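Q: So that we are looking at the same thing, I have put the structure below in structure tokens.
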Amino acid sequence: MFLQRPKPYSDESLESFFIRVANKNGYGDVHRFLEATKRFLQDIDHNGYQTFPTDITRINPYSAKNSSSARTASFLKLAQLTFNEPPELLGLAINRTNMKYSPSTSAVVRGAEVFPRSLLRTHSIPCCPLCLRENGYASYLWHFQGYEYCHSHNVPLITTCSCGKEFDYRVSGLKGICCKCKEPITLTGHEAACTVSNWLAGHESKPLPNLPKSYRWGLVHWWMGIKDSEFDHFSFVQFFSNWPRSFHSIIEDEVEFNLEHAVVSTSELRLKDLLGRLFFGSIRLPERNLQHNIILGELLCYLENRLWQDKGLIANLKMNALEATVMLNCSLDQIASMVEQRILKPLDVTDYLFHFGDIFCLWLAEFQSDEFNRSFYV
Amino acid sequence: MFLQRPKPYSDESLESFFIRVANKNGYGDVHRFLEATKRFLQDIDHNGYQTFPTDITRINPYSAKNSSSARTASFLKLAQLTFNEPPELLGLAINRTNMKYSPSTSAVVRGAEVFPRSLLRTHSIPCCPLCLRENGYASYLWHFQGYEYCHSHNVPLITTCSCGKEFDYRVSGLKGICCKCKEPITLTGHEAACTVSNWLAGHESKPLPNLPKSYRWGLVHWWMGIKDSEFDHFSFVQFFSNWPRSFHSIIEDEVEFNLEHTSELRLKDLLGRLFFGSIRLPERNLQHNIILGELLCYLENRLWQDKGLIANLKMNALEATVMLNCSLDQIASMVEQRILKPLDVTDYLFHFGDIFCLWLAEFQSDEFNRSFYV
Ligand SMILES: [Zn+2]
Ligand SMILES: [Zn+2]
Ligand SMILES: [Zn+2]
Ligand SMILES: [Zn+2]
């Protein structure tokens with residue numbers, strides 16, 4: 001099998017890539033192209049040729065249950081032999097990863113952008129009938145929640161055509177011709193999400209900060225837990241006009257509430273009981289790089305400064321051997337090694353034996369890194 | 001107690017900070033200030049006042065046995081109480097850190113710059129008396145080997161004066177007046193170390209790459225294991241001078257010594273020195289750990305060449321966690337569900353053509369990922 005590469009684009013999705021290859025090389029559709037792709041992998045002695053799907057829906061590496069390792073091994077072999085010039089297809093596929101958010105939100109990766117798994121769309125993919133006729137391809141941002149508006153047009157994406165039927169570009173082509181009435185879809189102008197859709201594109205909008213593509217998705221899963229609802233876009237804009245003093249407006253509310261509503265005495269207080277929501281909700285977004293995770297990197301500033309104010313209230317919060325490992329970015333064995341030789345002053349892991357100012361000052365002298373340290377937010 | 005901040009600098013050592021305070025504010029030497037400082041912590045009931053040193057040698061937080069957590073806890077109080085405008089003292093200390101190098105070298109950290117533990121000077125700190133008269137304070141680079149020449153005057157660093165006696169700023173102040181002679185010290189041109197110490201400082205100097213301060217210092221440990229000797233400043237410049245074909249020139253010769261010394265060949269038997277000595281130096285940022293990405297770019301275009309020679313090189317489950325940056329529990333999890341294909345942990349049932357395809361599918365990150373060396 002000898003193919004030709006179409007016009008390359010760094011923002012084209014994976015499902016939009018196989019459609020443009022089959023239309024350029026004279027194939028009928030994408031279903032007959034993936035069937036001939038499976039036939040070529042059988043002839044070249046591939047290990048997972050029988051697991052290659054013929055559907056454009058499950059062509060992504062996260063849809064594979066156990067054959068994910070043979071999926072990109074099939075993707076790497078096609079880029080080296082079936083084209084005159086080697087394309088870039090591994091950077092366009094959504095790969096799984098072991099990276100988690102706080103407290104337990106899973107995440108995936110696509111090249112140099114770590115996507116949240118919880119913000120991935122799986123029911124219906126929206127699209128735009130303008131970019132599919134001007135750019136000639138589909139954006140990779142159409143598969144995720146949050147990119148509700150088209151970024152440089154001040155229009156939303158479409159979900160249902162004028163005759164009651166939906167349009168999905170994966171099953172009905174990249175032109176924009178719907179299934180039932182075979183017409184182009186009529187469109188259905190704010191700023192509250194046009195600021196967001198410009199910012200979730202990876203681009204600059206003020207006052208929202210300059211961050212990598214992964215670390216702008218990290219604010220979105222966090223801010224949904226703030227409202228305890230779905231994402232609100234205009235309150236996202238107004239919240240960072242007072243950055244960080246709207247986040248300073250939050251932590252003042254959160255320590256002053258749970259001291260009132262403390263059920264135990266002020267010496268028997270725990271870190272999870274005063275600040276179990278704020279501190280355990282910003283650790284890995286996606287990592288502990290406080291140079292880009294500005295949430296925890298600011299949270300540390302409003303924790304270190306007031307430590308020994310108010311009789312050392314914050315610096316004396318009880319902690320387990322469990323949540324000592326969460327803050328230090330270590331394991332339970334390194335806690336159990338520092339109770340033998342007593343670098344760390346004191347085993348039951350779930351019995352509250354430690355203090356917060358003890359664990360906070362241990363990080364600053366024994367457990368920093370080139371990203372998770374005190375010297376970026378200062 | 002109530003003091004004054006001097007002119008604050010972005011390269012002052014920590015030992016120079018307790019002399020520029022102790023001279024200015026009416027103490028006799030550095031010993032008097034440390035003795036006064038320890039008592040102060042007793043009055044405000046700090047827990048580790050009894051571990052606070054009266055020696056300026058052991059002032060750094062790695063010199064503590066168990067009280068390194070209470071030494072920066074002693075340091076987190078003085079910047080808030082005993083001054084007018086808070087000085088930067090935690091940004092000057094040499095803290096420990098857990099960032100292991102290749103193969104097992106530990107690390108220390110001073111703010112946002114991580115150093116090899118094996119490159120710390122401990123006998124006698126060389127210095128430049130021209131910075132000890134015009135700047136008058138001690139640059140933190142003087143605490144480390146690899147830095148031999150002063151990069152601000154192109155003049156060497158002194159270790160033994162004209163009377164056969166040494167010189168150190170922790171015992172002879174910051175003026176430059178020695179012990180035996182109490183004179184100005186008589187001084188002691190190259191380029192090969194001059195441009196390294198300009199690169200070791202944190203400026204842009206060619207042909208040494210634009211790496212960060214954590215990664216400009218991760219290479220000097222790596223090259224001394226290559227030559228297996230003391231550090232030659234001449235060859236460390238000329239090694240980077242023909243990138244990539246000087247770095248590849250050892251690589252294509254590493255295989256030829258180890259091909260002759262074919263399926264029972266291993267990745268530890270054929271590419272064992274280049275790969276296992278380059279994973280974390282200090283970390284896995286392939287934008288700035290250029291050693292792995294260029295070797296991966298060498299070995300991505302060598303995966304199924306030579307009838308798949310490099311695809312047939314054997315790996316364990318222990319040395320697969322070194323690559324994939326995971327634990328042994330996730331390795332045994334991929335054996336039950338059978339994503340990675342062949343329990344004995346040190347078993348040779350895993351090959352390099354099998355591991356590298358799994359990392360492009362299930363184990364990327366934002367820094368240990370293919371998205372830089374494309
Ligand atoms: Zn567009
Ligand atoms: Zn229509
Ligand atoms: Zn000088
Ligand atoms: Zn002398």
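Ordered as shown in the structure tokens, chains take letters A, B, and onward, while each chain numbers its residues from 1 and ligands are numbered from 1 in the order shown.
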Please return as a list in words the residues found within 7 Å of ligand 1, counting only C-alpha atoms and all ligand atoms.

A: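 Sorted by chain and then by number, the residues are residues 131, 135, 150, 151 and 152 of chain A.
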
Q: Considering only C-alpha atoms, extract the chain A residues located within 7 Å of chain B and return them as an NGL selection string.

A: :A and (66-69 or 72-73 or 95-98 or 109 or 111-114 or 342-343 or 361-362 or 365-370 or 375)

Q: Go ahead and write the residues just picked, N, CA, C and O atoms, as a compact mmCIF listing (two decimals), in the first residue's frame.

A:
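Ended up saving to part-v2.txt:
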# COMPACT_ATOMS: atom_id res chain seq x y z
N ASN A 66 -7.26 -3.57 25.68
CA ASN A 66 -5.96 -4.18 25.95
C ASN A 66 -4.96 -4.03 24.81
O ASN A 66 -3.77 -4.27 25.03
N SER A 67 -5.41 -3.66 23.62
CA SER A 67 -4.54 -3.53 22.45
C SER A 67 -4.08 -2.10 22.22
O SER A 67 -3.86 -1.70 21.07
N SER A 68 -3.92 -1.31 23.29
CA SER A 68 -3.45 0.06 23.13
C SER A 68 -1.97 0.11 22.77
O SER A 68 -1.53 1.04 22.09
N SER A 69 -1.19 -0.87 23.23
CA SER A 69 0.23 -0.92 22.88
C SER A 69 0.44 -1.31 21.42
O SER A 69 1.39 -0.83 20.79
N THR A 72 -0.67 2.09 18.71
CA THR A 72 0.35 3.02 18.25
C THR A 72 1.51 2.33 17.55
O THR A 72 2.22 2.97 16.78
N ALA A 73 1.72 1.04 17.83
CA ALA A 73 2.67 0.26 17.04
C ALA A 73 2.19 0.08 15.61
O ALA A 73 3.00 0.01 14.69
N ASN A 95 -3.64 9.68 23.74
CA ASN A 95 -3.08 8.56 24.47
C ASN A 95 -3.52 8.60 25.93
O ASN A 95 -3.70 9.67 26.52
N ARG A 96 -3.69 7.41 26.51
CA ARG A 96 -3.98 7.34 27.93
C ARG A 96 -2.71 7.56 28.74
O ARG A 96 -1.58 7.44 28.24
N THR A 97 -2.89 7.87 30.02
CA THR A 97 -1.77 8.06 30.93
C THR A 97 -2.23 7.76 32.35
O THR A 97 -3.43 7.67 32.63
N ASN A 98 -1.26 7.59 33.24
CA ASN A 98 -1.53 7.36 34.66
C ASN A 98 -1.66 8.65 35.46
O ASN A 98 -1.67 8.59 36.70
N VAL A 109 -3.60 12.31 27.51
CA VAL A 109 -2.58 13.13 26.87
C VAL A 109 -2.74 13.01 25.35
O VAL A 109 -3.23 12.00 24.84
N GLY A 111 -0.02 14.34 22.56
CA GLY A 111 1.19 15.07 22.21
C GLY A 111 1.77 15.84 23.37
O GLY A 111 2.34 15.26 24.30
N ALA A 112 1.62 17.17 23.33
CA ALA A 112 2.14 18.07 24.36
C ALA A 112 1.02 18.74 25.15
O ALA A 112 1.21 19.81 25.73
N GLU A 113 -0.16 18.12 25.18
CA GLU A 113 -1.28 18.68 25.91
C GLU A 113 -1.97 17.58 26.71
O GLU A 113 -2.54 16.65 26.14
N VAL A 114 -1.92 17.71 28.03
CA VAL A 114 -2.48 16.73 28.95
C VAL A 114 -3.95 17.07 29.17
O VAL A 114 -4.28 18.00 29.91
N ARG A 342 14.35 9.31 62.82
CA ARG A 342 13.76 10.50 63.44
C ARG A 342 14.37 11.80 62.93
O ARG A 342 14.67 12.71 63.70
N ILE A 343 14.57 11.88 61.62
CA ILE A 343 14.57 13.19 60.98
C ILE A 343 13.19 13.81 61.13
O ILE A 343 13.05 15.00 61.45
N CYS A 361 7.79 22.48 56.83
CA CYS A 361 9.21 22.81 56.87
C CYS A 361 10.10 21.66 56.43
O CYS A 361 11.28 21.89 56.12
N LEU A 362 9.58 20.43 56.39
CA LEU A 362 10.34 19.31 55.86
C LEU A 362 10.45 19.38 54.35
O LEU A 362 11.49 19.03 53.78
N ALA A 365 13.29 21.75 53.12
CA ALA A 365 14.69 21.44 53.41
C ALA A 365 15.09 20.05 52.97
O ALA A 365 16.28 19.73 52.97
N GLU A 366 14.13 19.19 52.61
CA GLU A 366 14.43 17.81 52.28
C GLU A 366 13.69 17.27 51.06
O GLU A 366 14.06 16.21 50.56
N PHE A 367 12.65 17.96 50.57
CA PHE A 367 11.82 17.38 49.53
C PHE A 367 11.39 18.36 48.45
O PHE A 367 10.27 18.24 47.94
N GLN A 368 12.22 19.33 48.08
CA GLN A 368 11.84 20.18 46.95
C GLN A 368 12.17 19.50 45.62
O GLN A 368 12.61 18.35 45.56
N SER A 369 11.95 20.25 44.54
CA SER A 369 12.36 19.84 43.21
C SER A 369 12.56 21.11 42.38
O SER A 369 12.36 22.22 42.87
N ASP A 370 12.92 20.94 41.11
CA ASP A 370 13.12 22.08 40.23
C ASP A 370 11.81 22.71 39.76
O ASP A 370 11.85 23.72 39.05
N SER A 375 10.46 28.78 45.27
CA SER A 375 11.10 29.92 44.64
C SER A 375 10.61 30.22 43.24
O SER A 375 11.39 30.71 42.42

Q: Mind checking which residues fall within 12 Å of residue B:165, counting only C-alpha atoms, ignoring those fewer than 3 positions away in the same chain, and posting them as a PyMOL selection string?

A: chain B and resi 124+158-162+168+172+177-183+185-186

Q: Extract, using only C-alpha atoms, all DNA, RNA and protein residues at most 8 Å from residue B:117, discarding same-chain residues fewer than 2 positions from it, and format them as a ChimeraX atom specification.

A: /B:105-108,115,119-120

Q: Just want the residues within 7 Å of ligand 3, written as a PyMOL selection string, counting only C-alpha atoms and all ligand atoms.

A: chain B and resi 128-132+150+152-153

Q: Could you pull out the alpha helix (DSSP H) residues of stretch 18-210 of chain A from DSSP and send them as a PyMOL selection string?

A: chain A and resi 18-24+31-43+68-81+131-134+169-172+194-199

Q: Would you export the selected residues with C-alpha atoms as a compact mmCIF listing (two decimals), in the first residue's frame, please?

A:
# COMPACT_ATOMS: atom_id res chain seq x y z
CA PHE A 18 -8.06 9.58 7.96
CA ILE A 19 -10.92 11.23 6.04
CA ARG A 20 -8.57 13.57 4.14
CA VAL A 21 -6.19 10.71 3.26
CA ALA A 22 -8.99 8.59 1.78
CA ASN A 23 -10.44 11.50 -0.20
CA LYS A 24 -7.03 12.39 -1.66
CA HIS A 31 -14.87 2.80 6.46
CA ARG A 32 -13.34 1.24 3.33
CA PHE A 33 -9.98 2.91 4.09
CA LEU A 34 -9.65 1.39 7.57
CA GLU A 35 -10.59 -2.02 6.15
CA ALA A 36 -7.76 -1.84 3.60
CA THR A 37 -5.45 -0.56 6.36
CA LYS A 38 -6.21 -3.71 8.39
CA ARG A 39 -5.41 -5.82 5.30
CA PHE A 40 -1.96 -4.23 4.93
CA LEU A 41 -1.08 -4.85 8.59
CA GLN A 42 -1.81 -8.58 8.19
CA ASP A 43 0.63 -8.93 5.28
CA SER A 68 -3.45 0.06 23.13
CA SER A 69 0.23 -0.92 22.88
CA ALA A 70 -0.36 -2.50 19.46
CA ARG A 71 -2.49 0.48 18.39
CA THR A 72 0.35 3.02 18.25
CA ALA A 73 2.67 0.26 17.04
CA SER A 74 0.32 0.05 14.07
CA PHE A 75 0.34 3.87 13.91
CA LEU A 76 4.15 4.05 13.89
CA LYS A 77 4.50 1.49 11.07
CA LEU A 78 2.12 3.38 8.76
CA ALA A 79 4.06 6.64 9.14
CA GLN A 80 7.38 5.05 8.15
CA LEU A 81 6.52 2.99 5.04
CA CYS A 131 -14.12 26.01 9.60
CA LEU A 132 -14.83 22.76 7.73
CA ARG A 133 -15.29 24.80 4.53
CA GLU A 134 -12.56 27.42 5.07
CA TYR A 169 -18.46 15.07 10.90
CA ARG A 170 -16.88 11.67 11.66
CA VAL A 171 -19.71 9.71 10.01
CA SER A 172 -20.95 12.19 7.37
CA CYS A 194 -15.51 33.97 23.71
CA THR A 195 -12.92 34.91 26.32
CA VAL A 196 -12.94 31.25 27.38
CA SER A 197 -12.88 29.77 23.86
CA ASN A 198 -9.96 32.04 23.01
CA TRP A 199 -8.21 30.95 26.21

Q: Hey, what's within 12 Å of residue B:22 if we count only C-alpha atoms and toss same-chain stuff fewer than 3 positions away? As an MDAnalysis selection string, please?

A: chainID B and resid 3:6 15:19 25:37 56 173:174

Q: Return as a list in words the residues of protein, DNA or RNA that approach ligand 2 to within 7 Å, with only C-alpha atoms and all ligand atoms taken into account.

A: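 With only C-alpha atoms and all ligand atoms and a cut-off of 7 Å, ligand 2 is contacted by residues 161, 162, 177, 178, 181, 182, 183, 184, 185 and 186 of chain A.
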
Q: Just write the chosen residues, N, CA, C and O atoms, as a PDB file, in the first residue's frame.

A:
ATOM      1  N   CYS A 161     -29.123  19.874  13.223  1.00  0.00           N
ATOM      2  CA  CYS A 161     -29.464  20.611  12.016  1.00  0.00           C
ATOM      3  C   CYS A 161     -30.924  21.058  12.053  1.00  0.00           C
ATOM      4  O   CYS A 161     -31.652  20.832  13.023  1.00  0.00           O
ATOM      5  N   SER A 162     -31.360  21.695  10.965  1.00  0.00           N
ATOM      6  CA  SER A 162     -32.658  22.360  10.953  1.00  0.00           C
ATOM      7  C   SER A 162     -33.821  21.385  10.843  1.00  0.00           C
ATOM      8  O   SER A 162     -34.952  21.755  11.178  1.00  0.00           O
ATOM      9  N   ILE A 177     -22.442  18.580   5.337  1.00  0.00           N
ATOM     10  CA  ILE A 177     -23.730  18.246   4.743  1.00  0.00           C
ATOM     11  C   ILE A 177     -24.422  17.228   5.636  1.00  0.00           C
ATOM     12  O   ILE A 177     -23.938  16.099   5.788  1.00  0.00           O
ATOM     13  N   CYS A 178     -25.565  17.611   6.206  1.00  0.00           N
ATOM     14  CA  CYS A 178     -26.250  16.774   7.179  1.00  0.00           C
ATOM     15  C   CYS A 178     -26.875  15.548   6.512  1.00  0.00           C
ATOM     16  O   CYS A 178     -26.945  15.428   5.286  1.00  0.00           O
ATOM     17  N   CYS A 181     -31.752  16.021   5.428  1.00  0.00           N
ATOM     18  CA  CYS A 181     -32.182  16.956   4.397  1.00  0.00           C
ATOM     19  C   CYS A 181     -31.066  17.369   3.447  1.00  0.00           C
ATOM     20  O   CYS A 181     -31.310  18.221   2.586  1.00  0.00           O
ATOM     21  N   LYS A 182     -29.876  16.761   3.575  1.00  0.00           N
ATOM     22  CA  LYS A 182     -28.643  16.983   2.808  1.00  0.00           C
ATOM     23  C   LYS A 182     -28.320  18.451   2.517  1.00  0.00           C
ATOM     24  O   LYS A 182     -27.833  18.794   1.433  1.00  0.00           O
ATOM     25  N   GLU A 183     -28.533  19.316   3.501  1.00  0.00           N
ATOM     26  CA  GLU A 183     -28.266  20.740   3.396  1.00  0.00           C
ATOM     27  C   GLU A 183     -27.140  21.141   4.343  1.00  0.00           C
ATOM     28  O   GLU A 183     -26.882  20.455   5.339  1.00  0.00           O
ATOM     29  N   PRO A 184     -26.420  22.224   4.037  1.00  0.00           N
ATOM     30  CA  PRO A 184     -25.529  22.821   5.039  1.00  0.00           C
ATOM     31  C   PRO A 184     -26.327  23.339   6.226  1.00  0.00           C
ATOM     32  O   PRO A 184     -27.475  23.768   6.091  1.00  0.00           O
ATOM     33  N   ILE A 185     -25.707  23.295   7.397  1.00  0.00           N
ATOM     34  CA  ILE A 185     -26.433  23.530   8.639  1.00  0.00           C
ATOM     35  C   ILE A 185     -26.484  25.026   8.919  1.00  0.00           C
ATOM     36  O   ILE A 185     -25.451  25.708   8.929  1.00  0.00           O
ATOM     37  N   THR A 186     -27.692  25.540   9.141  1.00  0.00           N
ATOM     38  CA  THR A 186     -27.869  26.928   9.540  1.00  0.00           C
ATOM     39  C   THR A 186     -27.391  27.123  10.977  1.00  0.00           C
ATOM     40  O   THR A 186     -27.684  26.309  11.859  1.00  0.00           O
TER      41      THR A 186
END

Q: Using only C-alpha atoms and all ligand atoms, find the one residue out of B:187, B:41, B:125, B:220 that sits nearest to ligand 4.

A: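 Smallest distance to ligand 4 is found for B:187.
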
Q: Show me, as a PyMOL selection string, the residues that have an atom within 8 Å of residue B:2 when counting only C-alpha atoms, minus same-chain residues fewer than 6 positions from it.

A: chain B and resi 81-84

Q: Residues as selected, N, CA, C and O atoms, written as a short mmCIF file (atom, residue, chain, number, x, y, z; two decimals), in the first residue's frame, can you do that?

A:
data_model
loop_
_atom_site.label_atom_id
_atom_site.label_comp_id
_atom_site.auth_asym_id
_atom_site.auth_seq_id
_atom_site.Cartn_x
_atom_site.Cartn_y
_atom_site.Cartn_z
N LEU B 81 10.50 38.44 61.64
CA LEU B 81 10.42 39.13 62.92
C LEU B 81 11.56 40.10 63.14
O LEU B 81 11.33 41.25 63.54
N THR B 82 12.80 39.68 62.90
CA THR B 82 13.95 40.44 63.38
C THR B 82 14.44 41.50 62.41
O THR B 82 15.55 42.01 62.59
N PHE B 83 13.67 41.85 61.39
CA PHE B 83 14.09 42.83 60.40
C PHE B 83 12.99 43.85 60.14
O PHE B 83 11.90 43.76 60.72
N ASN B 84 13.29 44.82 59.29
CA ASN B 84 12.27 45.79 58.89
C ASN B 84 11.53 45.33 57.64
O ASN B 84 10.33 45.03 57.69
#
